[PDB]
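Okay, so here's just one chain, in structure tokens, the form deposited in one PDB entry.
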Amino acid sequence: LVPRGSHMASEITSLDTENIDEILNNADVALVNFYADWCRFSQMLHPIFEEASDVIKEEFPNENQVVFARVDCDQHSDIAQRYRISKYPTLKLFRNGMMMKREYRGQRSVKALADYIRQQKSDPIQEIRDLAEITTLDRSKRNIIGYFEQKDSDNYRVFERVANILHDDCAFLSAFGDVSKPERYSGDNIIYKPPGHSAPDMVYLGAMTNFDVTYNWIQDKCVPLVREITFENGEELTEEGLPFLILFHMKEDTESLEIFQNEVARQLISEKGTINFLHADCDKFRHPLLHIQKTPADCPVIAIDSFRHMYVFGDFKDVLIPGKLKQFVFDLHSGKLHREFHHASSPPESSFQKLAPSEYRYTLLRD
């Protein structure tokens, strides 16, 4: 192949089909830049990526502690397809060869990049010294507690792997030895504490030596049916490629959230892979709410954002009427919502398209 004017050089390790599995599998944490020579955003990233690497290597000198690599997606389309690359540059985090769900989507600076790896390499598990601390757990979030006889054990090593992968989705806590023995009657145990004080504890019954099964059970508790959309996760949620069904509500309005999650669970399971069920704090999402001429005072508001348009569910109470919510999402897919929108008039434009990966930040790849 005859080099182009955009031909580049970098000391960052280049991944290819022959070396990728071994390099990634053996890296406790790896940050991989999927890029293309002709991408202006990739071009500006490269020197930032390299300096960040040098900074981080100085703090993590040991082999396979933190590995920085890159993938030329033009030269290795199989690797790009393997990881479902849809934009350049894409920064994926791996742990022991496993790709993490969250990409690096933050500031493209040496400092923000090094901060990120520092946070990710940090131990996320908080060890309990006194079993009285379980009573004072903040039940406004998800908590997973592992009780082990010994930190130097296969059970804890599985738990450590899982916590490292899911710390951004749940709070992990540990308890060992004599602190842990009172709750260790039948051996080591893993307990999920759901948010609130009206939900009982849930106990893991699988093999704690089995990373695959233990990961699946914990990850299942970490993912609700109706996810909260935030400014942080908005890009990721748009990238799942599904239109949004959104409850906008006040943070203190727990009642309408509960009603919504129950009616979704009751009516929309068939639509699981056809629309994304979400809720959003209406004070934080006042700008999207202006797209549908609503204010926090109008909430609770149920809306659809198709990434072309936004549609309003008539009146929140109607969600209690047995067919209504399902008909709303059916009317989306049939084109009826668009057809029947009334003040020939176009419905208002999508607001959440603005949180999707932007041509002002990436080279976007065609569907």
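Here the rigid core means the biggest group of C-alpha atoms that line up within 1.5 Å when the two forms are laid on top of each other. Position 1 is the first residue in the sequence shown; the rest follow in order.
Novice: Between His343 and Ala344, how many residues of the deposited sequence have no coordinates in this entry: none, 1 to 3, 4 to 9, or 10 or more?
Specialist: Missing in between: 10 or more residues.
Novice: Going by the B-factors listed in the PDB entry, is the mean over the C-alpha atoms higher for 314 to 322 or for 53 to 61?
Specialist: Higher of the two, by average CA B-factor, is 53 to 61.
Novice: Averaging C-alpha B-factors over each stretch, which comes out higher, 62 to 70 or 332 to 340?
Specialist: Comparing averages over the C-alpha atoms only gives 62 to 70.
Novice: Among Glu228, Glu236, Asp138, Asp220, single out the one with the highest C-alpha B factor in the record, please.
Specialist: Across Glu228, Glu236, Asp138, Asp220, the entry lists the biggest C-alpha B-factor for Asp138.
Novice: Name the one of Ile134, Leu289, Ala80, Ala112 with the greatest CA B-factor according to the PDB entry.
Specialist: Highest C-alpha B-factor among the listed options: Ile134.
Novice: Of the three thirds of its chain by CA temperature factor, lowest, middle or highest, which one includes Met44?
Specialist: Middle third.
Novice: Rank-wise, by C-alpha B-factor, drop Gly241 into the lowest, middle or highest third of its chain.
Specialist: Its C-alpha B-factor, which the entry lists for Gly241, ranks in the middle third among residues of this chain.
Novice: Taking the chain's C-alpha temperature factors as the reference, tell me which third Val29 falls into: lowest, middle or highest.
Specialist: Its C-alpha B-factor, which the entry lists for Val29, ranks in the middle third among residues of this chain.
Novice: Comparing against every modelled residue in the chain, figure out the third that the C-alpha B-factor of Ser186 lands in (lowest, middle or highest).
Specialist: For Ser186, the deposited C-alpha B-factor lands in the highest third.
Novice: Lowest, middle or highest third of the chain for the C-alpha temperature factor of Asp169?
Specialist: According to the entry, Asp169 has a C-alpha B-factor in the chain's highest third.
Note that the form deposited in another entry isn't included here; everything after this is about it.
Novice: With the core superposed, find the residue in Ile85, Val179, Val110, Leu93 that moves its CA 2 Å or more between this form and the one not shown.
Specialist: Shifted by 2 Å or more: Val179 only.
Novice: Can we say the CA of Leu225 moves by at least 2 Å between this form and the one not shown when the core is superposed?
Specialist: Shift at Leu225: below 2 Å after core fit.
Novice: For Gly273, does the CA position differ by 2 Å or more between this form and the one not shown when the superposition is done on the rigid core?
Specialist: No, the C-alpha moves less than 2 Å.
Novice: Answer yes if the Cα of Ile128 shifts by 2 angstroms or more between this form and the one not shown on a rigid-core superposition, and no otherwise.
Specialist: After core superposition, the displacement of the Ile128 C-alpha between this form and the one not shown reaches the 2 Å mark, so yes.
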